[PDB]
Amino acid sequence: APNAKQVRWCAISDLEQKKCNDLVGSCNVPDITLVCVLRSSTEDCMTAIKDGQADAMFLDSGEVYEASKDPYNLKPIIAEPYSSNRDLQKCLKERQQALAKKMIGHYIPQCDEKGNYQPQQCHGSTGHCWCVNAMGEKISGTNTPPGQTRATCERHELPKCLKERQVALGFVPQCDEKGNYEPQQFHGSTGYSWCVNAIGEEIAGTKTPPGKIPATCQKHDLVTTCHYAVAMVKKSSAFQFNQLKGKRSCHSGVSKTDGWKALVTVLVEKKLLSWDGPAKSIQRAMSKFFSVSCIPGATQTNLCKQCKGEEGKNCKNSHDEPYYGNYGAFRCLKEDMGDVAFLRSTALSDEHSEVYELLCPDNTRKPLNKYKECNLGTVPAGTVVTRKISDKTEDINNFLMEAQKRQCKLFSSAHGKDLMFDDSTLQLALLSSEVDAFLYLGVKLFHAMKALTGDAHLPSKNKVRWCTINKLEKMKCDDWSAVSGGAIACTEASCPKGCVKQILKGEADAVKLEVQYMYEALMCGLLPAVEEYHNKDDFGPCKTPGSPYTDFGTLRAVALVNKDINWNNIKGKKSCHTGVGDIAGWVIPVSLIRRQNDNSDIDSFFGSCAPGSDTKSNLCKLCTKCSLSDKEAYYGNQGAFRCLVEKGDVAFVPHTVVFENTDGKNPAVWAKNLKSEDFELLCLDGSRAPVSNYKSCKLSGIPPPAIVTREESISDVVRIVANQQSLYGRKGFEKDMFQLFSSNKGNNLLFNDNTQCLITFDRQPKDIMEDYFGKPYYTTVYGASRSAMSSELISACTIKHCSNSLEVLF
């Protein structure tokens, strides 16, 4: 026992502890010992993990929000991945995953030299073969046994969007770099803009003429194998959905979506459940809605009267209650202890079609196989949770991954169904450490959960909650709030993206974002209310807002070089950059190069000092060394210009850099004998220009910093910002009380200190991505696509659209 680790799994029932103790014996994972801690309910297992008495458990997706709060403070870490229409390199990953399993004779996907699925797939140990599309999905009916004539497989790899950009050039849709439909479509000849499904089908009520502001189009992902909450009834009964009041019911549990929450949402929407807002209880109204029921975990007696558990176990969130869970709820319906069962579609099977049918919110009934048309909503997968502090996440993940490779019986047991995990689970994958309850559920589901538990917040129309990113920003905001007359409040986040999440969560209202964060924020539906105006010379727009402007103060990214050089002979040259993350030094030039060649600039291109790269890549030679820090003398605008003068003659820098050190402003030894005439810049033609021609001899201009907010909060934010700006800041009536654009607490806190003022963003009848970024920046950096970058935040702002398979795209 040197590096011997313990993973304590919390079991809520005797049946779960039996299955868990089976895995302690039958499952040998090297260096990780499994321990089974027994509690009496779901809630007590959550408390045990919060107390450090257990490490992990599986929770229904409807329990994730409440688990993230006191008195539990748990966080999802491991969950079943879904098959998406945006999975890349799927055959290669599935082949690697299948080869990692410690078993002989299992199906291992076969890929070609490019990593595509081979159109024919075979299970080697059995001799069966079948056909397959680009996503590895079996073409229906093509499975043949050994010794039978095989189905001839075609390549089924052309996506739907690209096969309709050809039946046009022989309305032309806009497609991904991977052939997926873009969420926003623009008709090139009629000027219309509308929003499209994940299959490219038009969303109702989104078309706009050229003179109108386009609709707000959310990203979509086509996903397969969705489970649903359904109302299951016997065919011998006669009541419809709007006659549930007074009936006997049975639910999987009070905290699950398949047994609660989904039903409560539908009852409220259909106006069948009479109940005032939360804090005025949902259980009280439900206890008056149903006559007598079994709802495990319920605190009203009549909602527990139909439960069958023995004393001490009756109505518990535990398999010790025989009617708990999806199969327990069906059992209660079967034994006629209730008139209707609320459970997940996974509990349905064709053997129940003789006696059972589905109660639809349509006030109609349908067979079980119509559950995709007769349901109370989708139910996302459950997840393994642990403490937010994530002290044991590594050990928990290592055990489950190793247990899955070694074919341990994780997702089945002779003792019962849905023990420890959902039996329907096929695999468990580790989630990003960034993932919390908000990211896992997504923005829409999170707010539905937030509203159901009574934590919903309706912000003031007259107060703006400003999000800060550090203690210095919090102090300046506090100074701002103290003089704002109740118009400004302050919240705290760790970083700009944390502020973006708070705004989406309804915990904050506004934050200033640099350009690097605007792509994710605009993806999630946020909009810029006001922008930083930086024209130090012209002040007209700042004293009468709404008056036109000539230059917004935008920085312009230039290539600066006394020698011969043009944009076309840049390859194999001594070029430096301010940093790998900086926008002018790295983002825009690399985007130009990687579009005029095929994506190899990690110095298989150039010669080049670009800090923040591999220790001795070809980069860090012209640059202890090559650090994203002041300790590298070639970092920043001042840096990488010391390169331009000393080590090589080409620099990727903003237009301001030369004026900062030309004509003698930066002593040292080198930096005050150069002239503004000694350095000139390279245009995109290949010509040269004087360094003040940066407004024409430019690679690109970078958009200004924007204060973002929700769409519904826009009008109130600009009006409060405008009112507050007239009072405080540059040339304000009471600016001796407070300053917006400077502070004794620090520099560049809430806004950049060199900001002249804040100008209200005026939305043009164009795509919001091009409206803020500008088409030169949008096309060069993101390819004018909504799929150029992916993150956990963008995924949480993506609508999951279900489908029986992905074959609709081929």
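We did not get these values from a lab; they are worked out from the coordinates using the rules stated. Cβ sites come from the backbone with ideal geometry, for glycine too, and all protein chains shown count toward neighbours.
Observations, loosely collected:
- Bridge type composition, region 227-379 - antiparallel percent by DSSP, nearest 5: 70 percent
- For region 261-397, the gyration tensor built on C-alpha atoms gives a rounded shape. Its axis ratio a/c (a ≥ b ≥ c) stays under 1.5.
- In terms of its Cα atoms, region 106-239 spans 65, 56, 23 Å along the principal axes, sorted from long to short.
- Taken one residue at a time, the phi angles of region 376-392 give Karplus couplings (6.51, -1.76, 1.60, θ = phi - 60°) of 9, x, 6, 10, x, 4, x, 7, 6, 10, 8, 4, 4, 5, 6, 5, 10 Hz. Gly and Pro are set to x.
- Inter-part distance where region 593-635 and region 68-139 are each reduced to a Cα centre, Å: 36 Å
- Taking Cβ separations below 4.7 Å as the criterion for a possible disulfide partner, the isolated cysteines in the chain are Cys495.
- Dimensionless Rg/Rh of region 556-701 - Kirkwood Rh, Rg from C-alpha atoms: 0.93
- Near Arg465, the amide H atoms lying under 5 Å from its own belong to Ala489, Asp509, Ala510; only residues 5 or more places off or on other chains count, and H is placed 1.01 Å from N.
- Percent of Cα pairs exceeding the 15 Å cut-off, where the set is region 187-234: 60 percent
- Across region 233-249, rounded Karplus estimates of 3J(HN,Hα) from the backbone phi angles (6.51 cos²θ - 1.76 cosθ + 1.60, θ = phi - 60°) give 9, 7, 5, 6, 7, 10, 7, 9, 5, 6, 10, 5, 4, x, 7, 8, 10 Hz, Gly and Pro being marked x.
- In Hz, Karplus ³J(HN,Hα) per residue of region 113-121 (6.51, -1.76, 1.60; θ = phi - 60°; x = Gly, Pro): 5, 8, x, 5, 5, 5, x, 9, 10
- Equivalent-ellipsoid semi-axes for the chain (Cα gyration tensor, √(5λ), whole Å, largest first): 53, 34, 28.
- Distance between region 715-780 and region 495-527 - C-alpha centres, whole angstrom: 15 Å
- DSSP beta bridge pairing in the chain, given as percent antiparallel to the nearest 5: 70 percent
- Protection-proxy order for peptides 422-434, 146-158, each taking the mean of Cβ atoms within 10 Å per residue, highest first: 422-434, 146-158
- Other residues within the sphere of radius under 9 Å centred on the Cβ of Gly62, judged by their own Cβ, net out at -2 (K and R +1, D and E -1).
- Burial ranking of peptide ranges 214-224, 58-68 (average Cβ count within 10 Å, highest at the top): 58-68, 214-224
- Unsatisfied cross-links (Cα-Cα over 18 Å) in the set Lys19/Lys261; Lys256/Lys288; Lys476/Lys745; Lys50/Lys497; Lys247/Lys334; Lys219/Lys800: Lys19/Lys261; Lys256/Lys288; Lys50/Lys497
- For region 726-808, the set of GluC sites (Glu not before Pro) satisfying both a DSSP loop assignment and a count of at most 16 other C-beta atoms within 10 Å is given as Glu734.
- The packing ranking, built from the mean of other Cβ atoms within 10 Å per residue, places the peptides 385-393, 704-712 in the order 704-712, 385-393, highest first.
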